[PDB]
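A.B. asks: Structure file run_32.cif, mmCIF, C-alpha atoms; chains and numbers go by the auth columns, is pasted below:
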```cif
data_upload
loop_
_atom_site.group_PDB
_atom_site.id
_atom_site.type_symbol
_atom_site.label_atom_id
_atom_site.label_comp_id
_atom_site.label_asym_id
_atom_site.label_seq_id
_atom_site.Cartn_x
_atom_site.Cartn_y
_atom_site.Cartn_z
_atom_site.B_iso_or_equiv
_atom_site.auth_seq_id
_atom_site.auth_asym_id
ATOM 1 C CA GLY A 1 -172.841 38.326 44.885 0.00 1 A
ATOM 2 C CA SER A 2 -175.025 37.497 41.818 0.00 2 A
ATOM 3 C CA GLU A 3 -177.752 40.035 42.850 0.00 3 A
ATOM 4 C CA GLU A 4 -175.249 42.906 42.136 0.00 4 A
ATOM 5 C CA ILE A 5 -174.815 41.479 38.573 0.00 5 A
ATOM 6 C CA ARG A 6 -178.680 41.236 38.400 0.00 6 A
ATOM 7 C CA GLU A 7 -178.961 44.957 39.318 0.00 7 A
ATOM 8 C CA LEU A 8 -176.171 45.997 36.842 0.00 8 A
ATOM 9 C CA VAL A 9 -177.783 44.360 33.735 0.00 9 A
ATOM 10 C CA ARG A 10 -180.995 46.469 34.194 0.00 10 A
ATOM 11 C CA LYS A 11 -178.959 49.716 34.296 0.00 11 A
ATOM 12 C CA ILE A 12 -177.476 48.635 30.917 0.00 12 A
ATOM 13 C CA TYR A 13 -180.801 47.427 29.376 0.00 13 A
ATOM 14 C CA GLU A 14 -182.523 50.776 30.201 0.00 14 A
ATOM 15 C CA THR A 15 -179.459 52.798 28.931 0.00 15 A
ATOM 16 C CA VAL A 16 -179.199 50.880 25.587 0.00 16 A
ATOM 17 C CA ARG A 17 -183.008 50.999 24.879 0.00 17 A
ATOM 18 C CA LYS A 18 -183.130 54.787 25.666 0.00 18 A
ATOM 19 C CA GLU A 19 -181.000 55.454 22.521 0.00 19 A
ATOM 20 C CA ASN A 20 -182.295 52.476 20.409 0.00 20 A
ATOM 21 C CA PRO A 21 -184.979 49.851 21.483 0.00 21 A
ATOM 22 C CA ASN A 22 -184.277 47.516 18.449 0.00 22 A
ATOM 23 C CA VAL A 23 -180.757 46.315 19.502 0.00 23 A
ATOM 24 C CA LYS A 24 -180.009 43.109 21.546 0.00 24 A
ATOM 25 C CA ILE A 25 -177.494 42.563 24.416 0.00 25 A
ATOM 26 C CA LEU A 26 -175.526 39.490 25.621 0.00 26 A
ATOM 27 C CA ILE A 27 -174.075 39.322 29.171 0.00 27 A
ATOM 28 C CA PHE A 28 -171.099 36.979 29.861 0.00 28 A
ATOM 29 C CA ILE A 29 -170.515 35.882 33.499 0.00 29 A
ATOM 30 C CA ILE A 30 -167.145 34.293 34.396 0.00 30 A
ATOM 31 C CA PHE A 31 -166.353 32.138 37.463 0.00 31 A
ATOM 32 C CA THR A 32 -162.575 31.619 38.041 0.00 32 A
ATOM 33 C CA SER A 33 -160.942 28.820 40.132 0.00 33 A
ATOM 34 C CA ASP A 34 -159.816 31.656 42.526 0.00 34 A
ATOM 35 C CA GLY A 35 -163.522 32.749 42.953 0.00 35 A
ATOM 36 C CA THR A 36 -163.228 36.037 40.921 0.00 36 A
ATOM 37 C CA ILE A 37 -166.089 37.397 38.720 0.00 37 A
ATOM 38 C CA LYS A 38 -165.756 39.017 35.258 0.00 38 A
ATOM 39 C CA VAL A 39 -168.698 40.733 33.486 0.00 39 A
ATOM 40 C CA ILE A 40 -168.500 41.221 29.676 0.00 40 A
ATOM 41 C CA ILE A 41 -171.236 43.096 27.711 0.00 41 A
ATOM 42 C CA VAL A 42 -171.822 42.488 23.967 0.00 42 A
ATOM 43 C CA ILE A 43 -174.112 44.566 21.700 0.00 43 A
ATOM 44 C CA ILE A 44 -175.867 42.866 18.698 0.00 44 A
ATOM 45 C CA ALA A 45 -177.706 45.242 16.275 0.00 45 A
ATOM 46 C CA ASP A 46 -179.101 44.795 12.700 0.00 46 A
ATOM 47 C CA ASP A 47 -176.345 47.307 11.671 0.00 47 A
ATOM 48 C CA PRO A 48 -172.909 47.184 13.499 0.00 48 A
ATOM 49 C CA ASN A 49 -172.510 50.971 12.836 0.00 49 A
ATOM 50 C CA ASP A 50 -175.388 51.443 15.352 0.00 50 A
ATOM 51 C CA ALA A 51 -173.927 48.809 17.757 0.00 51 A
ATOM 52 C CA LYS A 52 -170.668 50.877 17.981 0.00 52 A
ATOM 53 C CA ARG A 53 -172.672 53.945 19.289 0.00 53 A
ATOM 54 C CA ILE A 54 -174.429 51.797 21.954 0.00 54 A
ATOM 55 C CA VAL A 55 -171.085 50.184 22.997 0.00 55 A
ATOM 56 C CA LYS A 56 -169.502 53.682 23.332 0.00 56 A
ATOM 57 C CA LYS A 57 -172.424 54.627 25.698 0.00 57 A
ATOM 58 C CA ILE A 58 -171.650 51.645 28.011 0.00 58 A
ATOM 59 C CA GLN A 59 -167.848 52.292 27.705 0.00 59 A
ATOM 60 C CA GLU A 60 -168.283 55.862 29.115 0.00 60 A
ATOM 61 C CA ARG A 61 -170.929 54.898 31.776 0.00 61 A
ATOM 62 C CA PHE A 62 -169.150 51.686 32.993 0.00 62 A
ATOM 63 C CA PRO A 63 -165.351 52.276 32.407 0.00 63 A
ATOM 64 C CA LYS A 64 -164.378 49.319 34.721 0.00 64 A
ATOM 65 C CA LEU A 65 -166.444 46.791 32.625 0.00 65 A
ATOM 66 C CA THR A 66 -165.000 45.232 29.399 0.00 66 A
ATOM 67 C CA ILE A 67 -167.380 45.277 26.372 0.00 67 A
ATOM 68 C CA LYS A 68 -167.751 44.241 22.664 0.00 68 A
ATOM 69 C CA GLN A 69 -169.687 44.943 19.396 0.00 69 A
ATOM 70 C CA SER A 70 -171.185 42.150 17.170 0.00 70 A
ATOM 71 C CA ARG A 71 -172.773 42.021 13.651 0.00 71 A
ATOM 72 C CA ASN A 72 -174.454 38.534 13.647 0.00 72 A
ATOM 73 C CA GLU A 73 -177.288 37.049 15.791 0.00 73 A
ATOM 74 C CA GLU A 74 -176.561 34.011 18.104 0.00 74 A
ATOM 75 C CA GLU A 75 -172.940 33.661 16.723 0.00 75 A
ATOM 76 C CA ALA A 76 -171.285 35.893 19.394 0.00 76 A
ATOM 77 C CA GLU A 77 -172.510 33.510 22.181 0.00 77 A
ATOM 78 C CA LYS A 78 -170.059 30.823 20.821 0.00 78 A
ATOM 79 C CA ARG A 79 -167.423 33.087 19.103 0.00 79 A
ATOM 80 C CA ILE A 80 -166.727 35.136 22.278 0.00 80 A
ATOM 81 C CA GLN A 81 -167.011 31.997 24.521 0.00 81 A
ATOM 82 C CA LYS A 82 -163.846 30.560 22.883 0.00 82 A
ATOM 83 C CA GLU A 83 -161.971 33.924 23.082 0.00 83 A
ATOM 84 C CA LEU A 84 -162.930 33.993 26.806 0.00 84 A
ATOM 85 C CA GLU A 85 -161.819 30.314 27.257 0.00 85 A
ATOM 86 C CA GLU A 86 -158.409 31.118 25.635 0.00 86 A
ATOM 87 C CA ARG A 87 -157.804 34.102 28.048 0.00 87 A
ATOM 88 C CA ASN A 88 -159.439 32.466 31.158 0.00 88 A
ATOM 89 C CA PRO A 89 -158.064 28.827 31.088 0.00 89 A
ATOM 90 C CA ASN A 90 -159.091 28.033 34.745 0.00 90 A
ATOM 91 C CA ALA A 91 -162.649 29.488 34.489 0.00 91 A
ATOM 92 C CA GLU A 92 -166.337 28.802 33.607 0.00 92 A
ATOM 93 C CA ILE A 93 -168.231 31.055 31.101 0.00 93 A
ATOM 94 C CA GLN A 94 -172.041 31.506 31.249 0.00 94 A
ATOM 95 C CA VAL A 95 -174.186 33.659 28.848 0.00 95 A
ATOM 96 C CA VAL A 96 -177.312 35.679 29.829 0.00 96 A
ATOM 97 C CA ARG A 97 -179.920 37.458 27.628 0.00 97 A
ATOM 98 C CA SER A 98 -182.720 37.979 30.267 0.00 98 A
ATOM 99 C CA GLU A 99 -182.469 38.537 34.089 0.00 99 A
ATOM 100 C CA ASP A 100 -184.294 35.202 34.798 0.00 100 A
ATOM 101 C CA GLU A 101 -181.225 33.456 33.237 0.00 101 A
ATOM 102 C CA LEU A 102 -179.060 35.431 35.739 0.00 102 A
ATOM 103 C CA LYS A 103 -181.303 33.919 38.510 0.00 103 A
ATOM 104 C CA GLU A 104 -180.887 30.435 36.928 0.00 104 A
ATOM 105 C CA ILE A 105 -177.041 30.732 37.088 0.00 105 A
ATOM 106 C CA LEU A 106 -177.457 31.138 40.909 0.00 106 A
ATOM 107 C CA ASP A 107 -179.307 27.740 40.951 0.00 107 A
ATOM 108 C CA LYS A 108 -176.669 26.226 38.552 0.00 108 A
ATOM 109 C CA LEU A 109 -173.908 27.310 41.014 0.00 109 A
ATOM 110 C CA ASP A 110 -175.746 25.077 43.591 0.00 110 A
ATOM 111 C CA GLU A 111 -176.011 22.184 41.027 0.00 111 A
ATOM 112 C CA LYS A 112 -172.186 22.631 40.489 0.00 112 A
ATOM 113 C CA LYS A 113 -171.688 22.499 44.329 0.00 113 A
ATOM 114 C CA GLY A 114 -173.814 19.286 44.183 0.00 114 A
ATOM 115 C CA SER A 115 -173.316 16.105 42.057 0.00 115 A
ATOM 116 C CA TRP A 116 -176.670 15.840 40.150 0.00 116 A
ATOM 117 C CA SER A 117 -178.390 16.425 36.746 0.00 117 A
ATOM 118 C CA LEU A 118 -181.915 15.789 35.281 0.00 118 A
ATOM 119 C CA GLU A 119 -183.694 15.457 31.852 0.00 119 A
ATOM 120 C CA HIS A 120 -182.169 15.728 28.292 0.00 120 A
ATOM 121 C CA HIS A 121 -181.598 18.284 25.463 0.00 121 A
ATOM 122 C CA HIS A 122 -184.729 17.609 23.330 0.00 122 A
ATOM 123 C CA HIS A 123 -184.296 20.266 20.530 0.00 123 A
ATOM 124 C CA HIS A 124 -187.297 22.268 19.131 0.00 124 A
ATOM 125 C CA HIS A 125 -188.432 25.272 16.982 0.00 125 A
#
```
Using the file provided, produce a representation of the structure as structure tokens.
C.D. replies:
Amino acid sequence: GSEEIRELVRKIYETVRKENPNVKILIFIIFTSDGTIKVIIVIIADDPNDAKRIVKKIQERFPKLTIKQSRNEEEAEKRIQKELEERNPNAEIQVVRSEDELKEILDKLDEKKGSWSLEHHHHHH
């Protein structure tokens, strides 16, 4: 259930900030046609030589979770999406950067069980 994913991300966000508070994390949540979940963790730092240390921390602490390092801001959200689409052809990929977005995916699973949508993509700065 999505609450277990919502617990897990905090254990990562405390572990990563304990060694460096500057660095950002992206969480990829996969929904397969067979109902299986995958959880991919991506580290974005201002220097990828630091990101590699943080990734190694999560690799030792969570050996059953697959993880990545990234050098550019916002790019990994689309770059890794297409790698994930190529290796999960019968799946949906969602990206999370705060635990409220992990709560929103639980509401979006109900919108996907439904047949409805509202408003438009307005664009802003």
A.B. asks: Just checking: using all atoms listed in the file, which residue out of A:54, A:102, A:44, A:67 ends up closest to residue A:10?
C.D. replies: A:102
A.B. asks: Nearest residue to residue A:108 out of A:72, A:48, A:38, A:31, using only C-alpha atoms?
C.D. replies: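 For residue A:108, the nearest of the candidates is A:31.
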A.B. asks: Atom CA of residue A:122 and atom CA of residue A:6, how far apart in Å?
C.D. replies: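 Distance reported for this atom pair: 28.7 Å.
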A.B. asks: In Å, with one decimal, what is the gap from atom CA of residue A:4 to atom CA of residue A:53?
C.D. replies: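 Answer for the atom CA of residue A:4 to atom CA of residue A:53 separation: 25.5 Å.
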A.B. asks: Counting all atoms listed in the file, which residues have an atom no more than 7 Å from (-176.9, 53.0, 29.4) in the file's coordinates? Please list them as an MDAnalysis selection string.
C.D. replies: chainID A and resid 11:16 57:58 61
A.B. asks: Write the selection just made, keeping C-alpha atoms, as a compact mmCIF listing (two decimals), in the coordinates of the input?
C.D. replies:
```txt
# COMPACT_ATOMS: atom_id res chain seq x y z
CA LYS A 11 -178.96 49.72 34.30
CA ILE A 12 -177.48 48.64 30.92
CA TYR A 13 -180.80 47.43 29.38
CA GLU A 14 -182.52 50.78 30.20
CA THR A 15 -179.46 52.80 28.93
CA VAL A 16 -179.20 50.88 25.59
CA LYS A 57 -172.42 54.63 25.70
CA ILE A 58 -171.65 51.64 28.01
CA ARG A 61 -170.93 54.90 31.78
```
A.B. asks: Suppose you want the space between atom CA of residue A:101 and atom CA of residue A:117; what is it in Å?
C.D. replies: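 Going from atom CA of residue A:101 over to atom CA of residue A:117, I get 17.6 Å.
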A.B. asks: Tell me which of A:5, A:107, A:80, A:20 sits closest to residue A:50, counting all atoms listed in the file.
C.D. replies: A:20
A.B. asks: Let me make sure I understand: among A:103, A:49, A:85, A:21, which one has the smallest atom-to-atom distance to residue A:7 if we use only C-alpha atoms?
C.D. replies: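 Selected residue with least distance to residue A:7: A:103.
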A.B. asks: Using all atoms listed in the file, pick whichever of A:105, A:118, A:42, A:8 has the shortest atom-to-atom distance to residue A:24.
C.D. replies: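 Comparing A:105, A:118, A:42, A:8 against residue A:24, the winner is A:42.
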A.B. asks: Closest to residue A:23 among A:83, A:92, A:47, A:104, using all atoms listed in the file?
C.D. replies: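 Going through A:83, A:92, A:47, A:104 one by one, the smallest distance to residue A:23 is for A:47.
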A.B. asks: Which residues would end up in the selection if the PyMOL selection byres ((chain A and resi 74) around 12) were applied here, given that I need the answer as a PDB file with C-alpha atoms, in the frame of the given file?
C.D. replies:
```pdb
ATOM      1  CA  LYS A  24    -180.009  43.109  21.546  1.00  0.00           C
ATOM      2  CA  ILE A  25    -177.494  42.563  24.416  1.00  0.00           C
ATOM      3  CA  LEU A  26    -175.526  39.490  25.621  1.00  0.00           C
ATOM      4  CA  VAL A  42    -171.822  42.488  23.967  1.00  0.00           C
ATOM      5  CA  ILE A  43    -174.112  44.566  21.700  1.00  0.00           C
ATOM      6  CA  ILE A  44    -175.867  42.866  18.698  1.00  0.00           C
ATOM      7  CA  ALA A  45    -177.706  45.242  16.275  1.00  0.00           C
ATOM      8  CA  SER A  70    -171.185  42.150  17.170  1.00  0.00           C
ATOM      9  CA  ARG A  71    -172.773  42.021  13.651  1.00  0.00           C
ATOM     10  CA  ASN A  72    -174.454  38.534  13.647  1.00  0.00           C
ATOM     11  CA  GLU A  73    -177.288  37.049  15.791  1.00  0.00           C
ATOM     12  CA  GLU A  75    -172.940  33.661  16.723  1.00  0.00           C
ATOM     13  CA  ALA A  76    -171.285  35.893  19.394  1.00  0.00           C
ATOM     14  CA  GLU A  77    -172.510  33.510  22.181  1.00  0.00           C
ATOM     15  CA  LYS A  78    -170.059  30.823  20.821  1.00  0.00           C
ATOM     16  CA  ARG A  79    -167.423  33.087  19.103  1.00  0.00           C
ATOM     17  CA  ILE A  80    -166.727  35.136  22.278  1.00  0.00           C
ATOM     18  CA  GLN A  81    -167.011  31.997  24.521  1.00  0.00           C
ATOM     19  CA  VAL A  95    -174.186  33.659  28.848  1.00  0.00           C
ATOM     20  CA  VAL A  96    -177.312  35.679  29.829  1.00  0.00           C
ATOM     21  CA  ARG A  97    -179.920  37.458  27.628  1.00  0.00           C
TER      22      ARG A  97
END
```
A.B. asks: Can you list, as a PyMOL selection string, the residues that the PyMOL selection byres ((chain A and resi 37) around 12) selects here?
C.D. replies: chain A and resi 1-2+4-5+28-36+38-40+65+88+91-94
